[PDB]
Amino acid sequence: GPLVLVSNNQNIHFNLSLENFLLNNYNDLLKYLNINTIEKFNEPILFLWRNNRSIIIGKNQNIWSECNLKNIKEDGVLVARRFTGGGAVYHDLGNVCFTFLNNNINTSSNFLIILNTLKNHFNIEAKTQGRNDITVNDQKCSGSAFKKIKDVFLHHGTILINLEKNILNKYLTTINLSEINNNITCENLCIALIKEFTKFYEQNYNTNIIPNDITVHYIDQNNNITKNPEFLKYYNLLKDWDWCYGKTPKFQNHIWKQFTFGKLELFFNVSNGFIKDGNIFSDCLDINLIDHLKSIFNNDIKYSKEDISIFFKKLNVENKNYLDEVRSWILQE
């Protein structure tokens, strides 16, 4: 059956390591949890967690362009780079973080669980603006990001309860707190959200036969999860400097553009009419698309409209419209 997991830890790197461990051990979680030893997992998961003062960048973002590191270090704010796409965001105990894991893509349904939460339990009429945002009065109150894997889909986003709104501009080189509209709390919102989650996945069953129960697991101390060598690997990587701050290597040429789906920046070198090495920074949610773009580097492409066009024809991506637009951009510079 579905799972509700909670982490009382408040370190961004620790909770991100938990999240990555759940994504990378989905079908086996029932063993890492002490529930079952044989049966393998395939049901929905909701994981709730909070983090102290932090800046989380994005798998493909440039730290130096989004963050004013001086004030971050001066104010003792932690820095991290997540595995999903999106822009740089700030975290503190005034905001909640949710992580939906599913067998198939479940974005819309997840957003429906959240909207049902706000409406039913707080009379907050909320709308979803784009693929990844929730507004209440055309003002952002939640922000999501996604990652896909063979058997797992991960939709993890942030909900704003009592976040310090003004402090943001100190670190990120409008927002609305859901307290401006209600007397909500992290515990209140969380409980309501678990309710609408279990209830959402209890439709098929008839109520008269099934218990009206809720179950909550706590994993921040589950030694099977947090004492694993894989977990420590993730934690150390996220704590590492080369990962968060990325790579400095310079590059000969650099192009850029602002697309509806986010900004794109290509750095590349060319030797003997061939695209030698390169790298892509972006603000995009479609990380798959961007890695497929990265496949252009360190391969033998003649740096010609012909060979480039061919190379784009060779790709089979999730979003073919975005790819068409991006190639139509590259062939002009």
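Numbers follow the displayed sequence, beginning with 1.
Undergrad: What number of residues from the deposited sequence go unmodelled in the gap from residue 173 to residue 174, classed as none, 1 to 3, 4 to 9, or 10 or more?
TA: The entry has 10 or more unmodelled residues between residue 173 and residue 174.
Undergrad: Name the higher of the two by mean Cα B-factor in the PDB entry, 308-316 versus 17-25.
TA: On average, C-alpha B-factors are higher across 308-316.
Undergrad: Please compare 246-254 with 184-192 and name the stretch with the higher mean C-alpha B-factor in the deposited structure.
TA: Mean C-alpha B-factor is greater for 246-254.
Undergrad: Have a look at 198, 116, 178, 137 and flag the one whose Cα has the highest B-factor in the entry.
TA: Answer for 198, 116, 178, 137: 137, with the highest C-alpha B-factor.
Undergrad: Comparing recorded Cα B-factors across 216, 145, 124, 168, which one is largest?
TA: Answer for 216, 145, 124, 168: 168, with the highest C-alpha B-factor.
Undergrad: Looking at the C-alpha B-factor of residue 69, is it in the lowest, middle or highest third of its chain?
TA: According to the entry, residue 69 has a C-alpha B-factor in the chain's highest third.
Undergrad: Test of reading the entry: by CA B factor among the chain's modelled residues, which third contains residue 84?
TA: Lowest third.
Undergrad: Which third, lowest, middle or highest, does the C-alpha temperature factor of residue 205 belong to within its own chain?
TA: Within its chain, residue 205 is a highest-third residue by C-alpha B-factor, going by the deposited values.
Undergrad: Would you please rank residue 283 by its C-alpha temperature factor against the other modelled residues of its chain and give the third it falls in: lowest, middle or highest?
TA: Top third by C-alpha B-factor.
Undergrad: Against its chain's modelled residues, does residue 44's Cα B factor rank lowest, middle or highest third?
TA: For residue 44, whose C-alpha B-factor we compare with every modelled residue in the chain, the answer is the lowest third.
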